[PDB]
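One chain comes next, on its own, written as C-alpha cells: the form deposited in one PDB entry.
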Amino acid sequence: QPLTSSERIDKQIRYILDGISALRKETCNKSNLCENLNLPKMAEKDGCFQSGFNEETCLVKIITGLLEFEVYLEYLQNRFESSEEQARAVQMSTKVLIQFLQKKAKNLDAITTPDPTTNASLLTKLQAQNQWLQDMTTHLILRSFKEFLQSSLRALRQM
C-alpha cells in the first residue's frame, strides 16, 4: 500500500520535528547560556482547534504560517556556522512540506504570501541584536516553530 498524500504530509511533519529536536541540541550546545518578536501562532479563529474546527480555514492558516516562518528559518541558517547543514536541512524540509500542503489546497488557491522587502528588513533587525538577544531569538523561533508543527499535525489528523 503506497503512502497517500495525507500520510506523506504526516511523515514530513514528524521528520521536521526530529530535525528541530536535532538542531536545538546543536544551537544549545553552542550557546553560552544553554545546556517585540511576532512568530506565527494558531488561535481559535484559525479553525485548527477542536473548538471551532474548520478544515478549509485551518489548511489556509497552516500554509500561511509556514510561509511566514521561512524568514526565521533563514535567520537560523545564516547564524549557525557550525550547525550550517542542519539549519539548511530544516529550511528545505519546510519547503517540501509547503509544496505537499499547496497540492492539498490546490482546490482553494489564494493564500497570503509574506512581503519579501518586509522580510529583508526583519532579517537585518534580527542580525543587529546583541548576542544575548540573538540566542533568545533562536530559542523562541525553535520553540514556536515546534508548537506550530505539533498543532498543524493534530489538525491535519482531524481532517
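Start at 1 and count along the sequence shown; that's the residue number.
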message: I want to check something about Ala110: across the other compared entries that model its neighbours, is it left unbuilt in at least a third?
response: yes
message: Among the other entries of this protein that were compared (only those with both neighbours built), does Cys34 lack coordinates in at least a third?
response: yes
message: If I compare the deposited sequence with the modelled residues, how many are absent between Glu35 and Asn36: none, 1 to 3, 4 to 9, or 10 or more?
response: 4 to 9
message: Per the record, averaged over C-alpha atoms, which has the higher B-factor: 118 to 126 or 94 to 102?
response: 118 to 126
- line: Once average C-alpha B-factors are taken from the entry for 106 to 114 and 57 to 65, the winner is 106 to 114
task: Determine which member of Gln158, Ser152, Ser5, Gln1 has the highest CA B-factor, using the values in the deposited entry.
output: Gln1
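Note that the form deposited in another entry isn't included here; everything after this is about it.
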- request: Could you say if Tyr72 and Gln99 end up in a single rigid part, given the chain moves as two rigid parts between the shown form and the other one?
  value: no
statement: With a difference of at least 3 Å, the CA distance of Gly19 and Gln131 in the other form shows the atoms closer
query: Given that the distance between the C-alpha atoms of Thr138 and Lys11 changes by 3 Å or more in the other form, do they end up closer or farther than here?
result: farther
